[PDB]
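Visitor: this one's experimental. Sequence and coordinates below.
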Number of protein chains: 2
Amino acid sequence: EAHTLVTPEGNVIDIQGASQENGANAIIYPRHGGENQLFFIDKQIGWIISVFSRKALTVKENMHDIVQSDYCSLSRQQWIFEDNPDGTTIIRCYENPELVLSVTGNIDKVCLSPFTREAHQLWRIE
Amino acid sequence: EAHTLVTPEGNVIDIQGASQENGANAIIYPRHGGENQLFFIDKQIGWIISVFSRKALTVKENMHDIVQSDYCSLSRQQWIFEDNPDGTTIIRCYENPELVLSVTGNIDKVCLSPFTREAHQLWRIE
């Protein structure tokens, strides 16, 4: 079933432009419930797949930028989900689990950053 | 969400040995309901993924043998589902849609075969 990934402010991860193309950015955007803000999650595989494009959230080779791309079982496309008692989830890069799904300074783009329990590193998966 | 793929004789596609490894064979086996006889199907992307191993049904480069393997967005890992009025389904290889999921001579193993509407090319997805 499809999930939305929600920041503390109530905005959500969003595939920019509702693109179906490889390399499209994962951004932060106001909630509208469209399929480019919905994701399938498989904890056994570790993947996070855009419902609209069927492409996987992918860490680029620089280990910071996040895009969607065709899934090819890369460690940079696999995630470890660490649940917290308050219902949030830390989403850790399988290749380097110190690095977790985070947001940029503007809080408008998803990126990878070292875990400091910063507020926007604690995602709500609904 | 999990499906069984059933032959006319009532047997099912089965990942041999309940293996979790790349290269394990897709065989025909009597139904026992275990997870190595269950598959996720995403018609949008086209894959068929073993519930137990989370690996994708894959046509080998020889365009005949069917194994499970890590999904890599290969056309040999994508399928076209053609439904018939009788409730059966022809499962066509995206890379070469004349070739369809079929059974070997002694009803032993899954393979690809040119579509002729032979009885074992008509699957019941349950």
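Guide: The structure has been received and is ready for your questions. Numbers count the residues shown, from 1 in each chain, chains lettered A, B, ... in the order given.

Visitor: return the residues of chain A in contact with chain B.
Guide: Contacts of chain A with chain B, taken as C-beta under 8 Å from any C-beta of the partner chain, map to A:42, A:44-45, A:54, A:70-73. C-beta: built from backbone N, CA, C; applies to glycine.

Visitor: now, which of those lie within strands?
Guide: Using DSSP state E, the members of the residues of chain A next to chain B that fall in strands are residue A:42.

Visitor: counting neighbours, which of the residues of chain A next to chain B comes out on top?
Guide: In terms of neighbours by other C-beta atoms under 10 Å in any protein chain shown, these top out with residue A:71 at 24 neighbours.

Visitor: and the residues of chain A next to chain B, which two are furthest apart?
Guide: The largest distance within those, taken as C-beta to C-beta, falls between A:44 and A:70 and amounts to 19.7 Å.

Visitor: in the sheet, who's paired with the closest residue to residue A:104 other than its chain neighbours?
Guide: Excluding the flanking residues, the one nearest residue A:104 by C-beta to C-beta, 6 or more residues apart in numbering or on different chains is residue A:111, at 5.5 Å. Note on residue A:111: beta-bridge partners residue A:65, residue A:102, judged by DSSP bridges.

Visitor: which residues touch residue A:111?
Guide: A:64-66, A:102-104 (C-beta atoms under 8 Å, 6 or more residues apart in numbering or on different chains).

Visitor: and those residues as CSV, adding neighbour count?
Guide: Putting the contacts of residue A:111 into CSV (neighbours: other C-beta atoms under 10 Å in any protein chain shown) gives the following:
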residue, neighbour count
A:64, 13
A:65, 17
A:66, 22
A:102, 22
A:103, 24
A:104, 15
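
Visitor: let me know the outermost residue of chain A.
Guide: residue A:85 (20.2 Å; C-alpha atoms, centre = their mean).

Visitor: in three-state terms, label that one for me.
Guide: coil (DSSP: H, G, I helix; E, B strand; the rest coil).

Visitor: ok, residue A:23 - how many residues close by?
Guide: Residues near residue A:23, counting by other C-beta under 10 Å, number 12.
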